[PDB]
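Every number for a ligand or one of its atoms is a count from 1 in the order of the listing. In what follows, every heavy atom counts, from backbone to side chain, and hydrogens, waters and symmetry copies are set aside. Residue numbers start at 1 and run along the sequence shown.
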Amino acid sequence: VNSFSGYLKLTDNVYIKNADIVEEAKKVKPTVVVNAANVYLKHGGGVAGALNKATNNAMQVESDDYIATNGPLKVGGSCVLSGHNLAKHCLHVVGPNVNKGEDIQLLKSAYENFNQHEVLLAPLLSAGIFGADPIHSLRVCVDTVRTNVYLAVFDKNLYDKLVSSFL
Ligand SMILES: O=C(c1cn[nH]c(=O)c1)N1CC[C@@](CF)(C(=O)O)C1
């Protein structure tokens, strides 16, 4: 038993809700919140900008130190950093950004990072400003992640489309 509430169960291990991931994280304090990161951990917009804003820019400060030490992430890769006031940990995961021409097949590699964590609150990778089809992203998620994932979808309209079209 865990503290996630109001989720629709899609599969044995994948759950989905129309929610703002920032507010969801603030209430649940999950062990892991996933950020839709880029390789530079520049949290300007989308989910990343919103999560970082909710940390009063502490996520960005920590991220800049991480990059200065380690260099950029790989597309499809991840790193674990602090969850600040939102979660114990933040798993920064880099999905491919279609608006940069990145290979969509890397989306499966990105979701594989979730399997290193037993339970996660997450957005749909490569959705939103990353330019992928959220329905494809949901399919890859279900077919790749084996751990328990609670997906927050900010847009009510997209949420309804994702549920109604789910196979
Ligand atoms: O991750 C986010 C997000 C969350 N909060 N603020 C943001 O700008 C972006 N996504 C993924 C797809 C999205 C709609 F395009 C949705 O979830 O409905 C937005």
Side-chain angles (χ1 to χ4, degrees), residues 4-11 14-60 63 73 75-81 83-87 89-102 104 106-114 117 119-145 148-166:
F4 289 104
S5 179
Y7 285 76
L8 176 67
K9 181 170 179 61
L10 292 177
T11 66
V14 179
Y15 295 79
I16 194 165
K17 183 185 182 176
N18 173 223
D20 179 350
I21 194 172
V22 171
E23 279 317 300
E24 190 77 4
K26 280 200 289 194
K27 145 181 135 43
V28 176
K29 285 301 225 83
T31 305
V32 180
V33 66
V34 173
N35 181 33
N38 58 54
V39 296
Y40 306 110
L41 302 178
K42 285 173 57 97
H43 309 303
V47 169
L51 291 170
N52 176 58
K53 178 178 177 187
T55 76
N56 182 43
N57 211 51
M59 177 181 284
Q60 190 64 67
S63 292
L73 295 183
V75 179
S78 70
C79 68
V80 179
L81 290 172
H84 300 278
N85 53 318
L86 304 178
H89 301 110
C90 180
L91 180 70
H92 295 273
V93 179
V94 178
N97 190 325
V98 176
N99 305 315
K100 303 172 175 179
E102 293 168 350
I104 194 59
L106 289 170
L107 186 54
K108 188 171 183 77
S109 301
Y111 274 116
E112 288 171 341
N113 296 286
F114 289 25
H117 304 276
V119 184
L120 315 86
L121 171 62
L124 284 170
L125 298 180
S126 295
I129 67 174
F130 281 62
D133 178 358
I135 298 179
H136 175 66
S137 182
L138 179 55
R139 187 76 255 165
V140 179
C141 180
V142 157
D143 293 342
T144 305
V145 181
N148 294 141
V149 56
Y150 289 83
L151 294 168
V153 176
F154 179 57
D155 189 65
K156 173 57 161 156
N157 188 295
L158 173 59
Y159 171 84
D160 287 347
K161 181 198 188 108
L162 284 167
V163 168
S164 290
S165 62
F166 184 69

Geometric N/O contact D20 with ligand 1, under 3.5 angstrom: no

List the closest protein heavy-atom neighbour of atom 18 (O) of ligand 1: residue, atom name, distance to the nearest 0.1 Å. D155 N, 2.7 Å

Check ligand 1 against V153 and write out every atom of the ligand that is under 4.0 Å from a heavy-atom position of the residue. 17 (O), 18 (O)

For ligand 1, which atoms sit closer than 4.0 Å to a heavy atom of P123? 1 (O)

Going from CG on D160 to CG on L158, what distance comes out if it is rounded to the nearest 0.5 angstrom? 9.0 Å

Looking at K53, I'd like to know if its NZ atom is crowded, meaning that more than 12 non-hydrogen atoms belonging to other residues, nucleotides or ligands lie closer than 6.0 Å. no

Heavy-atom count check: over 12 atoms from other residues, nucleotides or ligands less than 6.0 Å from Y159 OH? yes

Measure the distance from atom 17 (O) of ligand 1 to every protein heavy atom, then report the residue, atom name and distance (to 0.1 Å) of the closest one. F154 N, 3.0 Å

Can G46 be said to touch ligand 1, with heavy atoms closer than 4.0 Å? yes

Are any non-hydrogen side-chain atoms of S78 and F114 less than 4.5 angstrom apart? no

So CD1 of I21 and CG of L121: to nearest 0.5 Å the spacing works out to 4.5 Å

Are any of the N or O atoms of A50 closer than 3.5 Å to those of ligand 1? no

What is the closest protein heavy atom to atom 4 (C) of ligand 1, and at what distance does it sit? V47 CG2, 3.0 Å

Could you label the plane-to-plane angle of the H43 and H92 rings as parallel, tilted or perpendicular, counting under 30° as parallel and over 60° as perpendicular? parallel

Please indicate whether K17 has more than 12 foreign heavy atoms, meaning atoms of other residues, nucleotides or ligands, lying under 6.0 Å from its NZ. yes

If you have a sec, work out which protein heavy atom is nearest atom 13 (C) of ligand 1 and how many Å separate them, to one decimal? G128 CA, 4.3 Å

Numbered atoms and elements of ligand 1 in range of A127, under 4.0 angstrom, heavy atoms: 11 (C), 12 (C)

